[PDB]
Amino acid sequence: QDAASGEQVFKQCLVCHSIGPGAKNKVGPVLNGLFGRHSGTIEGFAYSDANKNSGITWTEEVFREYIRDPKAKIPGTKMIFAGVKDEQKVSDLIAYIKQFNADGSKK
Ligand code: HEC
């Protein structure tokens, strides 16, 4: 869907997460090159066991179920965030995050 719209959705994430060039870890891990990556593997971040040992691989499908209700998909996770319930927002959110390569550069 719409990346430009996803950027506005991402603003709730921006508080804890960084994306794009020069992104660094904050309260949450950097989200550059998220899709396809295994959960709990961004270097330098202190993940909870819940996240680190979950065995999840981030695909669009799994990401959509997770962002809807984080604590439901990863009980005990440190990401105390309510989640994004809107079907359209999630699709735009995905479109926005997918533009980035692991190094922050735009595809
Ligand atoms: C701080 C109050 C956060 C907000 C708002 C959002 N996220 Fe977050 N996220 C945060 C933490 C502390 C962590 C680590 C959790 C843990 O248990 O260690 C995370 C993690 C994620 C992950 C998994 C990352 C990975 O496995 O490498 C994802 C995919 C993620 N968060 C995405 C995300 C999005 C898209 C958000 C806005 C809708 C969002 N988070 C908000 C902290 C915070």
# chains A, B, ... in the order shown; residues from 1 in each chain; ligands from 1
call {"tool": "residues_around", "arguments": {"residues": "residue 74 (chain A)", "least_positions_apart": "5", "cutoff": "8 Å", "atoms": "only C-alpha atoms", "output": "PDB file with N, CA and C atoms, in the first residue's frame"}}
result
ATOM      1  N   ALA A  50      11.820 -13.599  25.944  1.00  0.00           N
ATOM      2  CA  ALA A  50      10.576 -13.753  25.194  1.00  0.00           C
ATOM      3  C   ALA A  50      10.748 -13.451  23.713  1.00  0.00           C
ATOM      4  N   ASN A  51      11.471 -12.382  23.412  1.00  0.00           N
ATOM      5  CA  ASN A  51      11.701 -11.969  22.032  1.00  0.00           C
ATOM      6  C   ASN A  51      12.830 -12.765  21.393  1.00  0.00           C
ATOM      7  N   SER A  54      12.044 -16.569  20.761  1.00  0.00           N
ATOM      8  CA  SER A  54      10.743 -16.863  20.156  1.00  0.00           C
ATOM      9  C   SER A  54      10.758 -17.733  18.899  1.00  0.00           C
ATOM     10  N   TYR A  66       1.501  -9.843  14.731  1.00  0.00           N
ATOM     11  CA  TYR A  66       2.213  -9.299  15.888  1.00  0.00           C
ATOM     12  C   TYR A  66       1.868  -7.835  16.233  1.00  0.00           C
TER      13      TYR A  66
END
call {"tool": "residues_around", "arguments": {"residues": "region 2-9 of chain A", "least_positions_apart": "2", "cutoff": "7 Å", "atoms": "only C-alpha atoms", "output": "list in words"}}
result
residues 11, 12, 89, 92, 93, 95 and 96 of chain A
call {"tool": "closest_atom_pairs", "arguments": {"of": "chain A", "to": "ligand 1", "cutoff": "9 Å", "atoms": "only C-alpha atoms and all ligand atoms", "output": "tab-separated table"}}
result
residue	atom	partner	partner_atom_place_in_ligand_line	distance
A:9	CA	ligand 1	38 (C)	7.0
A:10	CA	ligand 1	37 (C)	5.6
A:11	CA	ligand 1	37 (C)	7.3
A:12	CA	ligand 1	37 (C)	5.4
A:13	CA	ligand 1	37 (C)	3.4
A:14	CA	ligand 1	5 (C)	7.1
A:15	CA	ligand 1	5 (C)	5.9
A:16	CA	ligand 1	1 (C)	4.2
A:17	CA	ligand 1	7 (N)	6.2
A:26	CA	ligand 1	12 (C)	8.5
A:27	CA	ligand 1	12 (C)	5.4
A:28	CA	ligand 1	11 (C)	3.8
A:29	CA	ligand 1	19 (C)	6.0
A:30	CA	ligand 1	27 (O)	7.7
A:31	CA	ligand 1	24 (C)	7.1
A:34	CA	ligand 1	29 (C)	7.0
A:35	CA	ligand 1	29 (C)	8.6
A:37	CA	ligand 1	27 (O)	7.6
A:38	CA	ligand 1	26 (O)	6.6
A:39	CA	ligand 1	26 (O)	3.4
A:40	CA	ligand 1	26 (O)	4.1
A:41	CA	ligand 1	27 (O)	5.6
A:42	CA	ligand 1	27 (O)	5.6
A:45	CA	ligand 1	18 (O)	8.0
A:46	CA	ligand 1	18 (O)	6.5
A:47	CA	ligand 1	18 (O)	3.4
A:48	CA	ligand 1	18 (O)	4.1
A:49	CA	ligand 1	17 (O)	7.1
A:50	CA	ligand 1	17 (O)	5.9
A:51	CA	ligand 1	17 (O)	4.6
A:52	CA	ligand 1	18 (O)	6.9
A:54	CA	ligand 1	26 (O)	8.8
A:56	CA	ligand 1	26 (O)	7.8
A:57	CA	ligand 1	26 (O)	8.3
A:58	CA	ligand 1	29 (C)	7.3
A:63	CA	ligand 1	29 (C)	6.5
A:66	CA	ligand 1	29 (C)	7.7
A:67	CA	ligand 1	38 (C)	6.3
A:68	CA	ligand 1	38 (C)	8.7
A:70	CA	ligand 1	31 (N)	8.3
A:74	CA	ligand 1	17 (O)	7.8
A:75	CA	ligand 1	17 (O)	8.8
A:76	CA	ligand 1	17 (O)	7.0
A:77	CA	ligand 1	17 (O)	3.6
A:78	CA	ligand 1	17 (O)	3.8
A:79	CA	ligand 1	11 (C)	4.0
A:80	CA	ligand 1	2 (C)	6.1
A:81	CA	ligand 1	5 (C)	5.5
A:82	CA	ligand 1	5 (C)	8.4
A:83	CA	ligand 1	38 (C)	6.2
A:84	CA	ligand 1	38 (C)	6.0
A:90	CA	ligand 1	38 (C)	8.1
A:93	CA	ligand 1	35 (C)	7.1
A:94	CA	ligand 1	35 (C)	8.1
A:97	CA	ligand 1	35 (C)	8.0
call {"tool": "closest_residue", "arguments": {"among": "A:1, A:107, A:102, A:21", "to": "residue 43 (chain A)", "atoms": "only C-alpha atoms"}}
result
A:102
call {"tool": "closest_residue", "arguments": {"among": "A:55, A:24, A:85, A:60", "to": "residue 36 (chain A)", "atoms": "only C-alpha atoms"}}
result
A:60
call {"tool": "atom_distance", "arguments": {"atom1": "CA of residue 25 (chain A)", "atom2": "CA of residue 72 (chain A)"}}
result
24.1 Å
call {"tool": "closest_residue", "arguments": {"among": "A:86, A:53, A:32, A:98", "to": "residue 65 (chain A)", "atoms": "only C-alpha atoms"}}
result
A:86
call {"tool": "select_by_dssp", "arguments": {"residues": "chain A", "states": "alpha helix (DSSP H)", "output": "PyMOL selection string"}}
result
chain A and resi 3-14+49-52+60-68+70-73+87-97
